Amino acid sequence: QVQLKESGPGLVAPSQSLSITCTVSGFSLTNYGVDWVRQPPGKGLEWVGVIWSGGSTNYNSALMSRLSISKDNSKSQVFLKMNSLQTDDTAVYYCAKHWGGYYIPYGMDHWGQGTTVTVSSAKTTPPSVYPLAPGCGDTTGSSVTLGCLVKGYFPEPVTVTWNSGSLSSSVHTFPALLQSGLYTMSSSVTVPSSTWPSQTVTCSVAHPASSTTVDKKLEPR
Amino acid sequence: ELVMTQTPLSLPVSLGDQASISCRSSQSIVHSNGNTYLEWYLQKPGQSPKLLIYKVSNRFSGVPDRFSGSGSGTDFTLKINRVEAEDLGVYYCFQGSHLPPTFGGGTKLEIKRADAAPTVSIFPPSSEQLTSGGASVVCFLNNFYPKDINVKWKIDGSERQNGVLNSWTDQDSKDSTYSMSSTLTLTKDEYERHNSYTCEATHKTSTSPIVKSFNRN
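Those protein sequence lines, which keep their order, are chains H and L.
Under the entry's author numbering, read the first sequence as residues 1 to 82, 82A to 82C, 83 to 100, 100A to 100E, 101 to 130, 133 to 154, 156 to 157, 162 to 169, 171 to 180, 183 to 196, 198 to 200, 202 to 206, 208 to 223, 226 to 228, first letter to last.
Under the entry's author numbering, read the second sequence as residues 1 to 27, 27A to 27E, 28 to 212, first letter to last.
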């Protein structure tokens, strides 16, 4: 079973450097080549670079002098330094795998989930979970709606999980905006009224930038 | 150093109606082996990007027949018919014939469906957090169409806009609806001196406003 994983620093300082490694499984880098794609915030896919299965690297013109795809065939890792960082260097850094024949890949086969990179002054401010439970005054019908307002984190991104993932039933995520120099997002999940407060609901927030995670349990009032 | 143009930048369309994306290259995307390396990729919201079409007209596994990719040299088109909510996401063309390989600027597929009314719920600030100098009354409005809505916070009669922040969603991939979150945060202080709180909200669905207020009693 093939997997591609990426690790990173969440944030980094303006004008400094950054490397992101791509941990891989199910295949080999001797036999295969992996590209580096990225996605500026609110922008479109941006080819960063390539490393053919034979140590050879071809790069993105607009930054090859800031790029440098390395690899460790034995370690199945795909590192990627990147000197003199800048503020529009902010993107998601995916490691995709080659599906075409030999030296011309038919398409980027399997993509990692993506490591996020934020370039700014500000430092890692951890998040603050607060549950969004309904008052006692109002009531609901057949189904209920709850969530968590996860406030005050930096940098992006976070990731909530409802009822240990056994929830997926009407789960909405609302993007995070900045405020006081800090991000603030919220998650809502709708569940049958026969289940809440009936059964034990809970919201679990991941945020690798500070790595910390808080799972909240919901009680009215 | 090869250019690829993608138009339109966004494409409204309805479930069951056909779609077409023409990708334009500034030059030849044909290889010396006569094989022109043009891919289409889709990125649903939240999800990672995915290969759909891998050689102009060659569908990739999973991807159903409703997706079509035609093209010669400058002109390539992705046509997707019998359009689902799942079709949502950004579609990108990618050329791999000569280096450096490049992407189109993507086109946002837009679906037009049946008007759906919004579901509002107001949630009063949290115990713990209230004990944190702060007080936030976060409302919710879920599963609506069109994306056009209006929401205001009253605090004993008047309206609140000061610093207020609402957050929307991209159209759902299952019901193709939008949702939005508004927060009304201030200080405990001020929360400590207003009793009831209203989550007003108007929409194309209801001639009457959608309200979700709550007292501090």
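Just so it is clear, CB atoms sit at the ideal spot from N, CA and C, and this is done for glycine as well.
Query: The stretch 59-77 of chain L contacting the stretch 107-124 of chain L, beta-carbon criterion three pairs below 8 Å; Result: no
Query: Start-to-end residues for the beta strand (DSSP E) that takes in L:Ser10; Result: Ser10 to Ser14
Query: Length-filtered (3 minimum) beta strand (DSSP E) runs lying within the stretch 119-166 of chain L; Result: 129-139, 144-149 and 160-163
Query: Inter-residue Cα distance where the pair is H:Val89 and L:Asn157; Result: 33 Å
Query: Separation of H:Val171 from L:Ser174, as counted between CA atoms; Result: 11 Å
Query: Counted within 10 angstroms of its Cβ, other Cβ atoms place H:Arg38 as buried (16 or more) or exposed; Result: buried
Query: First through last residue of the alpha helix (DSSP H) which encompasses H:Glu6; Result: It is not in any alpha helix (DSSP H) - H:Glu6 instead sits in the beta strand (DSSP E) that spans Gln3 to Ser7.
Query: Environment of H:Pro194 [buried if 16+ CB atoms lie within 10 Å]; Result: exposed
Query: For H:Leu184 and L:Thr31, the rounded distance between their alpha carbons; Result: 46 Å
Query: Short CB-CB distance (under 8 Å) between H:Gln105 and chain L; Result: yes
Query: Closer than 8 Å to chain H by CB, L:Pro204; Result: no
Query: Beta-carbon proximity of H:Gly26 to H:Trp52, cut-off 8 Å; Result: no
Query: Under 9 Å by beta carbon: chain L residues contacting H:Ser188; Result: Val133, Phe135, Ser162, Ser176 and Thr178
Query: Residues that H:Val109 bridges to, as DSSP identifies them; Result: H:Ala88
Query: Inter-stretch contact at 8 Å, needing at least 3 Cβ pairs: the stretch 150-166 of chain L / the stretch 184-202 of chain L; Result: yes
Query: L:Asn145: contacting residues in chain H (beta-carbon distance under 7 Å); Result: By Cβ distance, chain H contributes nothing, its closest Cβ being about 17 Å from L:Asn145, past 7 Å.
Query: Cβ of L:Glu34 within 8 Å of any chain H Cβ; Result: yes
Query: Limits of the alpha helix (DSSP H) - the one that H:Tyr100C falls within; Result: Careful: H:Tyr100C lies outside any alpha helix (DSSP H) and carries neither H nor E.
Query: Length of the line joining the Cα atoms of H:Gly10 and H:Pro213; Result: 7 Å
Query: Straight-line gap, H:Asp72 to H:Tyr59 (C-alpha atoms, nearest Å); Result: 18 Å
Query: Neighbour-count burial assignment, L:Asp70, 16 or more Cβ in a 10 Å radius; Result: exposed
Query: Beta-carbon neighbours of H:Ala125, restricted to chain L and to distances below 7 Å; Result: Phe118
Query: Whole-angstrom distance between L:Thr72 and H:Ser215, CA atom to CA atom; Result: 44 Å
Query: Expected contact under 8 Å - CB spacing of H:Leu223 and H:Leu140 to nearest Å; Result: 5 Å
Query: Burial state of L:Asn145, where buried means 16 or more other Cβ atoms lie within 10 Å; Result: exposed
Query: Contact under 8 Å by Cβ, H:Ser76 with H:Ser19; Result: no
Query: Through-space distance from H:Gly146 to L:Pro120, alpha-carbon basis; Result: 15 Å
Query: Candidates L:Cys88, L:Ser176, L:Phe89 and L:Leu11: closest to L:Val133 by CA position; Result: L:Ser176
Query: Complete beta strand (DSSP E) runs within the stretch 29-55 of chain H (minimum length 3 residues, chain order); Result: 34-39 and 46-51
Query: is_contact[H:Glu6, chain L] using C-beta, thresh 8 Å; Result: no
Query: H:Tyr100C and L:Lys50 closer than 8 Å at C-beta; Result: yes
Query: 8 Å Cβ cutoff, H:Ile20 in contact with chain L; Result: no
Query: Three-state class that DSSP yields for H:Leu63 in the structure shown; Result: helix
Query: Proximity test, Cβ basis, 8 Å: H:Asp130 and chain L; Result: yes
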